[PDB]
Amino acid sequence: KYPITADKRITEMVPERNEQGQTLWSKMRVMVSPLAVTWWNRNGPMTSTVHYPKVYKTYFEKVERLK
Amino acid sequence: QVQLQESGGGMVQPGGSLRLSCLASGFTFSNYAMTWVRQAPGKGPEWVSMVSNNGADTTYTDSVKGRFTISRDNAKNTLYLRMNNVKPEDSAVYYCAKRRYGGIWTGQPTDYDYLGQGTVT
Amino acid sequence: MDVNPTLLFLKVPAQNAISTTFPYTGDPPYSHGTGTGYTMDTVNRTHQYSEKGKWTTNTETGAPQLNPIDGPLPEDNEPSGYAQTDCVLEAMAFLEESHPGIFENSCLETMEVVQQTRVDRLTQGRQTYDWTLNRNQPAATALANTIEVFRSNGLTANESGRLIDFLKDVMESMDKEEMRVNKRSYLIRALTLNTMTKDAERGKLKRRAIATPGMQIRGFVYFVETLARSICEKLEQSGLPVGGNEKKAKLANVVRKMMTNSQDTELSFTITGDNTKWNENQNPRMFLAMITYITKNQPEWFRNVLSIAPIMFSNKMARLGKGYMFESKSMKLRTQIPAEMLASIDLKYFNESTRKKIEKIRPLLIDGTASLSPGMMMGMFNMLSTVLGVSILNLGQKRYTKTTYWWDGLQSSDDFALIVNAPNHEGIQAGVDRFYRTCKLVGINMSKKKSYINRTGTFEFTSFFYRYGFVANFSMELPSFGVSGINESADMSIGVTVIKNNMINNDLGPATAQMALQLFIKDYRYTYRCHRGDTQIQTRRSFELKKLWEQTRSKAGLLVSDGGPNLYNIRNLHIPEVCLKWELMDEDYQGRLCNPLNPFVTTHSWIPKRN
Amino acid sequence: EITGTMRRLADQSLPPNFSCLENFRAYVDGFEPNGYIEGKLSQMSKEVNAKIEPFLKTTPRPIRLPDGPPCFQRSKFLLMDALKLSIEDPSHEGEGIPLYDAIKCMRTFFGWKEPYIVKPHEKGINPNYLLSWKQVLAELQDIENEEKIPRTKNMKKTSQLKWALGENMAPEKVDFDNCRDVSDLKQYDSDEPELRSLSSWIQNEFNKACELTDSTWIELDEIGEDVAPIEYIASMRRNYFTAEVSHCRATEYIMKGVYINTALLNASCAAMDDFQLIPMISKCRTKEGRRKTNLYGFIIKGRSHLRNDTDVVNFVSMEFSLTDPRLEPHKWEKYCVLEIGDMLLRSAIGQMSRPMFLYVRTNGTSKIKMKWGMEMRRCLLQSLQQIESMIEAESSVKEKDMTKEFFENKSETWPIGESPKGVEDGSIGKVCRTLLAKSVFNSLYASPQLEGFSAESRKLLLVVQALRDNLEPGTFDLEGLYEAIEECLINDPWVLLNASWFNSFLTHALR
Amino acid sequence: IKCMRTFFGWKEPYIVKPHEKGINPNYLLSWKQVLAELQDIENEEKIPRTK
RNA sequence: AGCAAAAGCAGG
């Protein structure tokens, strides 16, 4: 377990265990679990910013050529 | 013209099996995805399964996983559904329908065409 | 009842069903044992090929070097690397006469590239031979090694950043008598070339023993191969630098150009095959002569800095490898014997075939490493050899064969495909015997065993089999179709990009490529455990997937590593995944994804803990 | 910045006629062609010339297979005679550490007689392998009944297993000076091995291995929808393909091999110093039920420290068997067959009650062969690639471009069978199966003999197609092809059978 | 464990009934300890028969 | 004993 590595900053945002109790991160930075990711994507800050298509909007243009 | 005539249904005993067939004619079959949608007497319909054009992307309801197996044969332009371990609550009238688009997930499960028949156990 | 796939191969056309004779769907055999025996046999074979040629010892080396050129004409059809430089020069002369201005233009391209080039490019190689540890090592460590030893030396070109000054100062300190290594030992150590048995040689029984060069010669071969790439790009008969479907069309185009039979009162055959002993019967002397002729009327310094490669080809002392591992039968004990002492040991512990090989080579051993230069180094991507051999095909312009019959075609590094014409079987036999003779007079040996000949329409070349108009190809086998092993964000991307490259370049049909993507996503999920949300399979993770999968608003619009479906197919492979999903996703998920608050930066991306 | 010493080396590198770099450069720069080539040609011996010949219809003699002892099997797991103790369709949420699924399946079967050997090995020591199997059964019952459920079990060191893997068989590295005094030493017994003769057993194994098993053996998921044309053509081709392939026994061997090799590589990279038990376990979905974990056979992995990937790892393998030995004792000179009593098979009438024997052979594979046996899904894919290449060729020669023209029609168009005084024809189904199984055996009996044969049979068959279509082919030296083929036919049965197939092909084609 | 593994639908624990005596949060954290202990033993230990 | 081959493993 614990394939993923990441900083200590994540420790504040999310718990050490989920509802079932299986762990997201543990110390010997902290090792983080892949479950930790899928916990972010269920509950996390929602923000309607469109800055990240700064350059990712390029690929949409290539798809408009297809469809 | 587009018509969907289904068959293979009948009476069975609880915990058995059934093989529902649906023959479609009048349109380009290999292009559109297909759906099984059932309706129990008294309750509005509920979608049973959605199957792709390739027959590779399949999706079932949250209460029928492991018991059902949906498939299709493009030669005779036909749709097969294998129901195993029939629970008493699956006792409803089953419906074969042809999706609006060729997709499965694009849009919520709703159809725009006709229907055949369905048996009850 | 008995069964056979050979009879489906009976009826079916051979070239279309040829892949059935492509059994490479399993691990290649490899060489468990030290290649040194195969090396000794290769050296024995090439020195036997040039035994008529005289040799004289090189100064400061102690080593016999054989010069086959200006040797006699061969006696027997058995191959032998005997050639005459005049043939080479008149060949290149007819070439430039045929293709005017091509030489000077490629030369100017070489000038501008050497002026613009930089040392930073060469270090991105694989297993250049280092001289300190006396073992093949990576190229970055190699560059660090040479620049630090040069910092110790009196030269200062590693600080310059340019490259030709770097090669020049390599040469200057290479002429030094001490570094902690004397001049003779150092010149034997710089010219040394690891033996390093071939691995993955598909389609043989015994092993070729590909030997590899070091970094110091690598830049010289880089420059001359850049010239070769330019001149072959401006050529129409090369096969190596031309590639992909353009190469596929070039094959068909040359057979078009020569198969058109105006006044077809003459029968026509079109050879294919494989020129055996390509890396043996050739020679660097012919290469140096070619080089001198190619850069006519140019800056003298360029002439020199591009002639330096064939000369150090012309004297090279490759190693032999590890050695052997003798063993006691009764007492049952074994040891490795480094062959550096092989020029001292008795000739009784060994095997008899091995023994006779040793006595053949034991004279030819100086510092233990075998010396030889009648023959090319095994397995280099030279392609100036194609520039050579294609001139032969150019001789069969009817102006210059000066007879009724005439040849033409194309020729990559080992394969070759002539196309001839003559009024009868007798005339074609006459002209092809003339060609085979000529091709030997330049020191190129067309084998008579594993080659053949036929009417036009069907001919092999470089495995791009060409039946009448069909151009099936089996150049390289499909590789792996498995994850790259980095992260759920880019592994998928890497796999799709690899699939796209191998369908666009090679002949991965889409019918197999969808299935390849299918196996790939299966492996992706089974590795990262992350099957579909709407499933019934269990694992560690599946809790959160079955949680988020209902948590969503748009269900199919999800990335695959978290419960999502794979909307890829052969239409939309170059694009990434989240571009295809983005506006099919709701702002909660999309906002959770692209956010600098993630430690992940692309939130699926990350670094795994080292192990 | 030549420094002259390079001019020295250069002037020494040149041909003998010219002694300097500068005279060479002046000669070349001042060079012109004067028709030297014709003087060279006329000067030459006429002996040195490549003479064509008519590669006539009656010329190519039947390639003579080598003669010697009978060919013997070397597969890492037997192929036709094996059987599988089912699990009877467990649930869908219950994962299983594989030992417990195996144990459950071994627990299912009763019919264990006392072990007594049925085949004399003729070498080694048969009783020791008997007692090895005994240790296995005892260890398994003892761990599971009365310990804290260990996920993975490694056996106990004994005379039996330690003999059958030879942890003492290693000699030790030493310096040269201390042993040069000894005269017993030899470089190595590096020589050709014993010849072998073709026999009938491998043909039977292949025939069984092309045949349809009953189950499905492989699933396949969904992919993005299909809009463009080429997408639909790819979809239909792959669907036809996988549906035809899935009911193979070749695909059974495929998943079996993949799981076996993955398990072994996991173990060896993760565990070296310990004799491990592993099952030959494979996951198969029943056509009409649930997922089924079949137990083919146990494994006793031998210790594995892989300083290089090329290195061999040795082990012992136990795969159950119904069919008796001594019907084909040539097929194995290597097995060590035990008796393990009866299994009560049920036929349409009565009950068979045939005995049960076990083939506790030993072996050793590799790291590399394990990797390439893990990647046999590629081999399946490669069979698809070949079929698609055939069909694209038929689409280029005929613009119909019709996959459906061949994939499903009832049309006898493909011969793969040779019968007494007959040739059988089959459909694309049998042929896709056969091409697959050929590639699988290529993946199992991969050996340089095969690659040599492949190149040489390829060239000669190409020449024979050139002949049969009246394309006036020629070959300069032919007995070279024949002797090199005979060189590559050393011992491998699969090679040998491809050669007998080549032979009968020559005969029935008549070229 | 297999049956508890079957069910999904676990929200965060917050008490719904005031005990009016004792300490409700402590029983909440007891239940938390239970779930955590069960997942932790079964995922990453040598399968103890009784915990 | 075995693997597999014109040389190596069978632990360092």
# chains A, B, ... in the order shown; residues from 1 in each chain; ligands from 1

call {"tool": "residues_around", "arguments": {"residues": "residue 8 in chain F", "least_positions_apart": "2", "cutoff": "8 Å", "atoms": "only C-alpha atoms (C1' of nucleotides)", "output": "PyMOL selection string"}}
result
(chain C and resi 32-33) or (chain D and resi 311)

call {"tool": "interface_residues", "arguments": {"of": "chain E", "to": "chain D", "cutoff": "10 Å", "atoms": "only C-alpha atoms", "output": "list in words"}}
result
residues 1, 2, 3, 5, 6, 45, 46, 47, 48, 49 and 50 of chain E

call {"tool": "write_last_selection", "arguments": {"atoms": "N, CA, C and O atoms", "output": "PDB file, in the first residue's frame"}}
result
ATOM      1  N   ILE E   1     -17.115  -9.469   7.940  1.00  0.00           N
ATOM      2  CA  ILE E   1     -16.380  -8.451   7.203  1.00  0.00           C
ATOM      3  C   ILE E   1     -16.807  -8.429   5.752  1.00  0.00           C
ATOM      4  O   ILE E   1     -16.936  -7.364   5.147  1.00  0.00           O
ATOM      5  N   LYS E   2     -17.001  -9.605   5.164  1.00  0.00           N
ATOM      6  CA  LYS E   2     -17.494  -9.678   3.801  1.00  0.00           C
ATOM      7  C   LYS E   2     -18.856  -9.008   3.691  1.00  0.00           C
ATOM      8  O   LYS E   2     -19.130  -8.280   2.726  1.00  0.00           O
ATOM      9  N   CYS E   3     -19.698  -9.175   4.711  1.00  0.00           N
ATOM     10  CA  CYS E   3     -21.037  -8.604   4.630  1.00  0.00           C
ATOM     11  C   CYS E   3     -21.020  -7.104   4.890  1.00  0.00           C
ATOM     12  O   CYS E   3     -21.778  -6.350   4.276  1.00  0.00           O
ATOM     13  N   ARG E   5     -18.486  -5.289   4.167  1.00  0.00           N
ATOM     14  CA  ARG E   5     -17.872  -4.843   2.930  1.00  0.00           C
ATOM     15  C   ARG E   5     -18.902  -4.731   1.818  1.00  0.00           C
ATOM     16  O   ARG E   5     -18.721  -3.958   0.874  1.00  0.00           O
ATOM     17  N   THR E   6     -19.989  -5.497   1.910  1.00  0.00           N
ATOM     18  CA  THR E   6     -21.007  -5.451   0.868  1.00  0.00           C
ATOM     19  C   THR E   6     -21.741  -4.117   0.855  1.00  0.00           C
ATOM     20  O   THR E   6     -22.145  -3.636  -0.211  1.00  0.00           O
ATOM     21  N   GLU E  45      -2.659  -7.557   7.509  1.00  0.00           N
ATOM     22  CA  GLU E  45      -2.068  -8.461   8.490  1.00  0.00           C
ATOM     23  C   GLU E  45      -2.293  -9.894   8.029  1.00  0.00           C
ATOM     24  O   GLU E  45      -2.974 -10.143   7.033  1.00  0.00           O
ATOM     25  N   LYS E  46      -1.713 -10.840   8.773  1.00  0.00           N
ATOM     26  CA  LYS E  46      -1.722 -12.253   8.386  1.00  0.00           C
ATOM     27  C   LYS E  46      -3.003 -12.972   8.813  1.00  0.00           C
ATOM     28  O   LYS E  46      -2.967 -14.085   9.337  1.00  0.00           O
ATOM     29  N   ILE E  47      -4.141 -12.342   8.537  1.00  0.00           N
ATOM     30  CA  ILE E  47      -5.445 -12.989   8.637  1.00  0.00           C
ATOM     31  C   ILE E  47      -5.662 -13.610  10.016  1.00  0.00           C
ATOM     32  O   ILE E  47      -5.766 -14.840  10.120  1.00  0.00           O
ATOM     33  N   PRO E  48      -5.723 -12.838  11.101  1.00  0.00           N
ATOM     34  CA  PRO E  48      -5.976 -13.460  12.404  1.00  0.00           C
ATOM     35  C   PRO E  48      -7.398 -13.990  12.500  1.00  0.00           C
ATOM     36  O   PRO E  48      -8.350 -13.336  12.074  1.00  0.00           O
ATOM     37  N   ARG E  49      -7.528 -15.206  13.034  1.00  0.00           N
ATOM     38  CA  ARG E  49      -8.838 -15.837  13.147  1.00  0.00           C
ATOM     39  C   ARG E  49      -9.785 -15.002  13.992  1.00  0.00           C
ATOM     40  O   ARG E  49     -10.926 -14.748  13.594  1.00  0.00           O
ATOM     41  N   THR E  50      -9.327 -14.577  15.164  1.00  0.00           N
ATOM     42  CA  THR E  50     -10.110 -13.774  16.089  1.00  0.00           C
ATOM     43  C   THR E  50      -9.315 -12.536  16.471  1.00  0.00           C
ATOM     44  O   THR E  50      -8.115 -12.620  16.746  1.00  0.00           O
TER      45      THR E  50
END

call {"tool": "select_by_dssp", "arguments": {"residues": "range 458-507 of chain C", "states": "helix (DSSP H, G or I)", "output": "PyMOL selection string"}}
result
chain C and resi 491-504

call {"tool": "select_by_dssp", "arguments": {"residues": "chain A", "states": "strand (DSSP E)", "output": "PyMOL selection string"}}
result
chain A and resi 4-6+25-26+30-32

call {"tool": "residues_around", "arguments": {"residues": "range 22-39 of chain E", "least_positions_apart": "6", "cutoff": "9 Å", "atoms": "only C-alpha atoms (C1' of nucleotides)", "output": "ChimeraX atom specification"}}
result
/A:17-23 /E:1,13-15,51

call {"tool": "write_last_selection", "arguments": {"atoms": "N, CA, C and O atoms", "output": "compact mmCIF listing (two decimals), in the first residue's frame"}}
result
# COMPACT_ATOMS: atom_id res chain seq x y z
N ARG A 17 -8.22 8.89 8.18
CA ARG A 17 -9.04 7.74 7.84
C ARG A 17 -10.38 8.22 7.29
O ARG A 17 -10.83 9.33 7.58
N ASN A 18 -11.00 7.36 6.50
CA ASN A 18 -12.28 7.65 5.89
C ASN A 18 -13.38 7.04 6.75
O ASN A 18 -13.15 6.57 7.86
N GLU A 19 -14.61 7.04 6.22
CA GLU A 19 -15.75 6.54 6.98
C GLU A 19 -15.59 5.07 7.32
O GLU A 19 -15.92 4.64 8.43
N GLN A 20 -15.08 4.28 6.38
CA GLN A 20 -14.81 2.88 6.67
C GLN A 20 -13.62 2.72 7.59
O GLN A 20 -13.46 1.67 8.23
N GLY A 21 -12.76 3.73 7.66
CA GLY A 21 -11.61 3.71 8.53
C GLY A 21 -10.30 3.42 7.84
O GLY A 21 -9.24 3.66 8.43
N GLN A 22 -10.33 2.90 6.61
CA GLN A 22 -9.09 2.61 5.90
C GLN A 22 -8.36 3.91 5.58
O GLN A 22 -8.97 4.92 5.21
N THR A 23 -7.04 3.86 5.73
CA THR A 23 -6.23 5.07 5.91
C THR A 23 -5.86 5.71 4.58
O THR A 23 -5.65 5.02 3.58
N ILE E 1 -17.11 -9.47 7.94
CA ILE E 1 -16.38 -8.45 7.20
C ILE E 1 -16.81 -8.43 5.75
O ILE E 1 -16.94 -7.36 5.15
N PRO E 13 -20.26 9.79 11.20
CA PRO E 13 -21.03 9.55 12.43
C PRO E 13 -21.29 10.82 13.21
O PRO E 13 -20.35 11.53 13.60
N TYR E 14 -22.56 11.13 13.43
CA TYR E 14 -22.97 12.13 14.40
C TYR E 14 -24.19 11.62 15.14
O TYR E 14 -25.13 11.09 14.53
N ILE E 15 -24.18 11.78 16.47
CA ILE E 15 -25.22 11.22 17.32
C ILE E 15 -26.56 11.81 16.95
O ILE E 15 -26.68 12.98 16.58
N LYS E 51 -10.00 -11.39 16.50
CA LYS E 51 -9.38 -10.10 16.77
C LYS E 51 -9.93 -9.56 18.07
O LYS E 51 -11.15 -9.57 18.29

call {"tool": "residues_around", "arguments": {"residues": "residue 343 in chain D", "least_positions_apart": "2", "cutoff": "7 Å", "atoms": "only C-alpha atoms (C1' of nucleotides)", "output": "PyMOL selection string"}}
result
chain D and resi 111+341+345+353-356

call {"tool": "write_last_selection", "arguments": {"atoms": "C-alpha atoms", "output": "compact mmCIF listing (two decimals), in the first residue's frame"}}
result
# COMPACT_ATOMS: atom_id res chain seq x y z
CA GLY D 111 -10.36 -40.47 -4.11
CA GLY D 341 -6.32 -43.26 -6.59
CA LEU D 345 -16.16 -39.47 -13.51
CA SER D 353 -14.04 -44.71 -11.96
CA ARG D 354 -10.72 -44.29 -13.72
CA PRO D 355 -7.58 -44.04 -11.59
CA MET D 356 -5.81 -40.77 -10.96

call {"tool": "residues_around", "arguments": {"residues": "residue 28 in chain B", "least_positions_apart": "5", "cutoff": "12 Å", "atoms": "only C-alpha atoms (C1' of nucleotides)", "output": "PyMOL selection string"}}
result
chain B and resi 1-3+33+53+74-78+98+102

call {"tool": "write_last_selection", "arguments": {"atoms": "N, CA and C atoms", "output": "short mmCIF file (atom, residue, chain, number, x, y, z; two decimals), in the first residue's frame"}}
result
data_model
loop_
_atom_site.label_atom_id
_atom_site.label_comp_id
_atom_site.auth_asym_id
_atom_site.auth_seq_id
_atom_site.Cartn_x
_atom_site.Cartn_y
_atom_site.Cartn_z
N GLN B 1 -40.26 0.29 -41.90
CA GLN B 1 -40.34 1.30 -40.86
C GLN B 1 -39.85 0.74 -39.53
N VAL B 2 -39.50 1.61 -38.59
CA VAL B 2 -38.91 1.17 -37.33
C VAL B 2 -39.97 0.48 -36.49
N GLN B 3 -39.72 -0.79 -36.16
CA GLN B 3 -40.57 -1.56 -35.27
C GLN B 3 -39.69 -2.51 -34.48
N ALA B 33 -27.24 2.56 -29.97
CA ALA B 33 -27.20 1.76 -28.76
C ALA B 33 -28.62 1.36 -28.37
N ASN B 53 -22.97 0.30 -29.19
CA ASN B 53 -22.98 -0.15 -30.58
C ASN B 53 -21.97 -1.27 -30.79
N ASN B 74 -25.29 -8.33 -34.41
CA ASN B 74 -25.48 -7.38 -35.49
C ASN B 74 -25.90 -8.04 -36.80
N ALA B 75 -25.70 -9.35 -36.95
CA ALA B 75 -26.05 -10.02 -38.20
C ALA B 75 -27.55 -9.97 -38.44
N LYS B 76 -28.33 -10.55 -37.53
CA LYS B 76 -29.78 -10.51 -37.63
C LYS B 76 -30.37 -9.23 -37.04
N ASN B 77 -29.53 -8.28 -36.64
CA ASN B 77 -29.95 -7.02 -36.05
C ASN B 77 -30.87 -7.26 -34.85
N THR B 78 -30.36 -8.01 -33.88
CA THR B 78 -31.17 -8.49 -32.78
C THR B 78 -30.47 -8.24 -31.45
N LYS B 98 -34.75 1.78 -28.48
CA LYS B 98 -33.61 2.19 -29.30
C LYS B 98 -33.25 3.63 -28.96
N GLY B 102 -26.27 7.26 -30.56
CA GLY B 102 -25.49 6.05 -30.54
C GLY B 102 -24.69 5.84 -29.27
#

call {"tool": "interface_residues", "arguments": {"of": "chain A", "to": "chain C", "cutoff": "6 Å", "atoms": "only C-alpha atoms", "output": "VMD selection string"}}
result
chain A and resid 3 to 5 35 38 42 44 to 47

call {"tool": "interface_residues", "arguments": {"of": "chain E", "to": "chain C", "cutoff": "8 Å", "atoms": "only C-alpha atoms", "output": "ChimeraX atom specification"}}
result
/E:8-9,43

call {"tool": "interface_residues", "arguments": {"of": "chain B", "to": "chain D", "cutoff": "8 Å", "atoms": "only C-alpha atoms", "output": "list in words"}}
result
residues 31, 52, 53, 54, 55, 56, 57, 58, 66, 102 and 103 of chain B

call {"tool": "write_last_selection", "arguments": {"atoms": "N, CA and C atoms", "output": "JSON list (two decimals), in the first residue's frame"}}
result
[["chain", "number", "residue", "atom", "x", "y", "z"],
["B", 31, "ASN", "N", -25.74, 1.23, -35.69],
["B", 31, "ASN", "CA", -25.34, 2.58, -35.34],
["B", 31, "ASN", "C", -25.82, 3.01, -33.96],
["B", 52, "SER", "N", -24.03, -0.80, -25.85],
["B", 52, "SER", "CA", -23.38, 0.09, -26.80],
["B", 52, "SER", "C", -23.61, -0.38, -28.23],
["B", 53, "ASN", "N", -22.97, 0.30, -29.19],
["B", 53, "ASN", "CA", -22.98, -0.15, -30.58],
["B", 53, "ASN", "C", -21.97, -1.27, -30.79],
["B", 54, "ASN", "N", -20.77, -1.14, -30.22],
["B", 54, "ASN", "CA", -19.77, -2.19, -30.31],
["B", 54, "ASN", "C", -20.13, -3.41, -29.49],
["B", 55, "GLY", "N", -21.06, -3.28, -28.54],
["B", 55, "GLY", "CA", -21.32, -4.35, -27.60],
["B", 55, "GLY", "C", -20.27, -4.49, -26.53],
["B", 56, "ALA", "N", -19.41, -3.49, -26.36],
["B", 56, "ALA", "CA", -18.35, -3.52, -25.35],
["B", 56, "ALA", "C", -18.68, -2.70, -24.11],
["B", 57, "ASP", "N", -19.42, -1.60, -24.25],
["B", 57, "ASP", "CA", -19.81, -0.76, -23.12],
["B", 57, "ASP", "C", -21.23, -1.13, -22.71],
["B", 58, "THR", "N", -21.36, -1.74, -21.54],
["B", 58, "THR", "CA", -22.65, -2.18, -21.01],
["B", 58, "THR", "C", -22.84, -1.61, -19.61],
["B", 66, "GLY", "N", -24.55, -8.70, -11.70],
["B", 66, "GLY", "CA", -24.21, -10.09, -11.49],
["B", 66, "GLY", "C", -25.29, -11.07, -11.90],
["B", 102, "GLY", "N", -26.27, 7.26, -30.56],
["B", 102, "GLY", "CA", -25.49, 6.05, -30.54],
["B", 102, "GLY", "C", -24.69, 5.84, -29.27],
["B", 103, "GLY", "N", -24.86, 6.72, -28.29],
["B", 103, "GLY", "CA", -24.15, 6.62, -27.03],
["B", 103, "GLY", "C", -24.97, 5.95, -25.94]]
